[PDB]
Amino acid sequence: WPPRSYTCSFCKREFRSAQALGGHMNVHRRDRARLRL
Ligand SMILES: [Cd+2]
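Cut-offs and rules
Residues numbered from 1 in each chain as written, not as in the entry; some residues may be left out. Heavy atoms only, no water. Donors = N, O, S within 2.8 Å, 3.2 Å for Na, K, Ca; no water. Tetrahedral: all angles 85-135°; square planar, octahedral: opposite > 155°, others 65-115°. Helix = DSSP H or I, 4+ residues; strand = E, 2+ residues; numbered from the N terminus. Buried < 20%, exposed > 50% of the residue type's maximum accessible area, 1.4 Å probe, protein only. 1 Å grid on protein atoms, 1.4 Å probe; cavity = no way out; pocket = protein on both sides within 12 Å on 5 of 7 lines; lining within 4 Å. Points joined across faces, edges and corners; volume = space filled by probe spheres on them. Nonpolar A, V, L, I, M, F, W, Y, C, P; charged D, E, K, R; others polar.

Per the PDB record, this model was obtained through solution NMR.

Moving on: the coordination of the cadmium ion. Distances from the cadmium ion to its protein donors, namely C8 (SG), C11 (SG), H24 (NE2) and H28 (NE2), fall within the range 2.1 to 2.8 Å. What the four donor atoms of the cadmium ion show is an angle range of 86 to 123 degrees at the metal, which sorts the shape as tetrahedral. We note that the donor set of the cadmium ion lies within a single chain, spaced as C-x2-C-x12-H-x3-H. One end of the pair, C11, is in the segment before α1 (19–26); the other, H28, is in the segment after α1, with 17 residues separating them in the sequence. Here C11 and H28 have matching classes, each one buried.

Considering only enclosed or pocket space, the largest pocket measures out at about 620 Å³ in volume. What lines the largest pocket is a set of 16 residues, and nearest its centre among them are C11, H28, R30, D31 and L35. Each residue belonging to the lining of the largest pocket can be placed in one class, and the counts come to six nonpolar, two polar and eight charged.

Dropping the structure here:
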């Protein structure tokens, strides 16, 4: 978890937001889409 960027844990993806991550983590629910992993 860097200063100018944060992780969702579930997508282990670094983002440049705060509230967008909180919301983006709550949007998590299965894959149900493409993407190899
Ligand atoms: Cd996420």
